[PDB]
Structures are given as structure tokens and as C-alpha cells.
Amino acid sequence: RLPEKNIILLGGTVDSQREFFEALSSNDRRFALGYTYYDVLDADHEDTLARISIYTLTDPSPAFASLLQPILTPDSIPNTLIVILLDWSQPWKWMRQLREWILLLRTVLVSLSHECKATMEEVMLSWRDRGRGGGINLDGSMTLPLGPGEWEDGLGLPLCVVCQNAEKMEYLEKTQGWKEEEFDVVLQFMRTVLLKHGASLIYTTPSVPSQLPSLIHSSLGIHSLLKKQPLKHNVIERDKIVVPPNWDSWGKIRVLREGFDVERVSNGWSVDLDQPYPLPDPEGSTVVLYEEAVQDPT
């Protein structure tokens, strides 16, 4: 009888998915995809607001991706969030991993019924203003034209990217010589491509409290009857990044550090996503730009 919400959880490992689940549901909780769920409590830890179902796909398999079809119906689509897990142990892999998941996901979404696609268009239209500072809160409850890059590439569903094990940033600083400005460049690259999908970005560390529950629950359209504090965005304190939807812009991305060609990187992401799924990297690719900038210690 509870409102039902879905998370489609992509990537990670067995342990990092479980860590995601704990981080997500710690405070405010009471041939197949992995499955679990939990009941979300309101901010006083009393009343139950929604039941969140999580469907998990660790690897970008086309076979198992097909299992998403039955989960995405006209009724479920407006209640669904895509979450991609990335790992701070291997940030050099991020842009390529992200491209693969998005191409995979697109393959599923174009295959849904006309009614599903009409519903996804409705969802995308309504997301334009959610949490944008005008009339509409991030959670979809009520209270200027779009900058460049913003929502140029709506997926049909909202996306949240969660970069796990951020304690490994300190590891890269001390054993691989990474400087503050290298973490910032990663951030500029991620913010730029994700902006095109209207997507959020958040870094987490196991056992370190974060805004992950508030971000995910608000993105799922779960409306607190007690709390009106909005999300707190951060792009400065490097291991606690929080970039909520409809907050970022090229203007903001460009000032983090100098020398970042935001438009080139945004156009390179068009090059990357205009490709069949599932050999060589196309001219202008942002995966290539990223992988030149963020090198693998091989």
C-alpha cells in the first residue's frame, strides 16, 4: 500500500553495492537482476513515506539489461532513478565506464512501448525545473531559459552517479603524486558530461555520513512532511562532492580551475554517445580527452 519507488543500480562490486545500500538506507529505514528493498522513514524516523525497490546489475551485459524491460512500465517510469556506481580506486576508467552504461541503458529504453516512451518524455519535461530555484522543489513538490549543455541529452529517466570509496583520493595523493588540481579536472570532466543528462554527482566514503539519502530520496520524488532543508551542494571539499540536479552550469564548471574547455568536452560527449551498442574511438571523443588527462598508473 506504500508508494513504490525503484532504483536501477548499475556497476560496483558485491561489497560496494551492499555499502551503497547501507549508506542509502542507514538512518531512515524501518536469469535475474539482484533485488532488495527498504521502507523509507521521514526525518523524525517515525512515519514511513515510501518503499524503495532496488534492482542491481553489476556488469554491462546486454542480456541482463533486457531484464529491465518488464520493470519499466508507464506506472513505474515516473518513480524510477538510475544510479551508476563508480570507484575512486580507478578514476581513469570513469568516462569509458559511464559511456558504456549510458549506451547500454539507451538500448533498453528505445525498446520500450510507445506509451513508455511518452511517459519518459513527460518525466523529462517535468525534470527541467525540479530543484532549479523557481517554483519546483527537487522532490517534485511545489512552492530563466536553460544554459548551454543543460539537458541537451535527457535519457528518459533521471540519473545519479555515485563515486564510491572517496578515501582513495588520499591514497592517490600520497602514492601516485596526484595534486588537488587533478581531482578538480576529474570533477570538471564529470560535471560537464553529466550536465547534459540533468544528472547528479556525489562522492561517498564507507561509514562517513553524507547527503546520499536526501539526494536519492528527493530524486525519487519522496516528499518529506517535516523537513524543508534543501540539499547542500559542494564542489570544493574534494572528497565530499555533491552536485544536485538543475544546479550546475558551464559558468560554474569553468571557474573551478582555469584551462578547461567545457564546450569541447561537452561536444566530445555527443561524439561518444552517437555510436552503436555494443571498435576504435571516434575523433573528438571525450572518453579520449578524459583518458589523456587522467592517466592510468598502468
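We number the residues from 1 along the sequence you see.
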| query | finding |
| --- | --- |
| Deposited but uncoordinated residues in the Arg264/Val265 interval | none |
| Unmodelled stretch of the deposited sequence separating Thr143 from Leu144, binned as none, 1 to 3, 4 to 9 or 10 or more | 4 to 9 |
| Between the two ranges 227 to 235 and 59 to 67, the one averaging a larger CA B factor in the entry | 59 to 67 |
| Comparing 145 to 153 with 209 to 217, the one whose average Cα B-factor in the PDB entry is higher | 145 to 153 |
| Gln90, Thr80, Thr204, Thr73, ranked by C-alpha B-factor: the highest one | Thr73 |
| Out of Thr175, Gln164, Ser200, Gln188, residue topping the C-alpha B-factor column of the entry | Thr175 |
| Assigned third (lowest, middle, highest) for the C-alpha B factor of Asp42 | middle |
| Third of the chain's Cα B-factor distribution that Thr36 belongs to, per the entry | highest |
| Record-listed C-alpha B factor of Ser53: chain third | middle |
| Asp28 - Cα temperature factor, lowest/middle/highest third of chain | highest |
| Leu105 CA temperature factor, ranked by third within the chain | middle |
